[PDB]
């Protein structure tokens, strides 16, 4: 759809973007540990909590990528975890919300990253991979087509990004290398190339630099469609003493928002952040969305 004024609607901003653009090229905001918005326990928040509002709030705020880490339970279901902490949220809960939103705004899609956060409970019937694929992935909202997935094929569906290895069912982005606390580049599907900046638990300076460096690489390689650029703005650390993901995000979000705001880039990549809200001054997510005007 024409008109750039349509990227300002946070619920339907993916409508104006042509059905032809591979999802890879689109600058899309996301959320890290999207299911940590339920922890209201103090000592749990300074460590675990990275979000303050529900999936629907996150989605209504332009986010279209979710960082979902779960665990296989005794009752043979997948629930959301953060290391050893149960998040009082489930996979079914995420999927329902994703469907409702996708039902109110069919011109959109949602990429769901699925990572096996904690070890299966001692008593599970099946494996983490099979449990998800046989009781969940088999649901019709999930796009089962692979390759460099375009926007047209994904509208109304849920695109999956496999962070688990034991997969057996076709669909979404296959599982790739992904090293611990690093910045790297591998190959995804047949064509798709991928660069990921996931330096969680690092110094404020080293972090901020990395976000910018990878962000610089992407805005320079803006016309490369067969290249996924994932940029995590999240800085996990042994908080408590104002080292919490809330403190870091309190600075990183506005800062990075401005970095894009002043550079007027054509592409920024997939920017996964913490504390998506209306608190911080420039708004990281709103800027990331605007950097797509080069597609309208």
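Positions refer to the first chain, counted from 1.
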item: Given 69-77 and 127-135, the range whose Cα B-factors average higher in the PDB entry; value: 69-77
item: 104-112 versus 159-167 - which carries the larger mean C-alpha B factor in the record; value: 159-167
item: Highest-ranked of 154, 188, 211, 219 once sorted by CA temperature factor in the record; value: 188
item: Candidate residues 265, 30, 48, 269, the one whose C-alpha B factor the record puts highest; value: 48
item: CA B-factor ranking of residue 144, expressed as a third of its chain; value: middle
item: Third of chain Cα B-factors occupied by residue 14; value: lowest
item: Residue 89 by Cα B-factor - lowest, middle or highest third of the modelled chain; value: lowest
item: Residue 59 - which third its CA temperature factor falls in, relative to the rest of the chain; value: lowest
item: Residue 39 - which third its CA temperature factor falls in, relative to the rest of the chain; value: highest
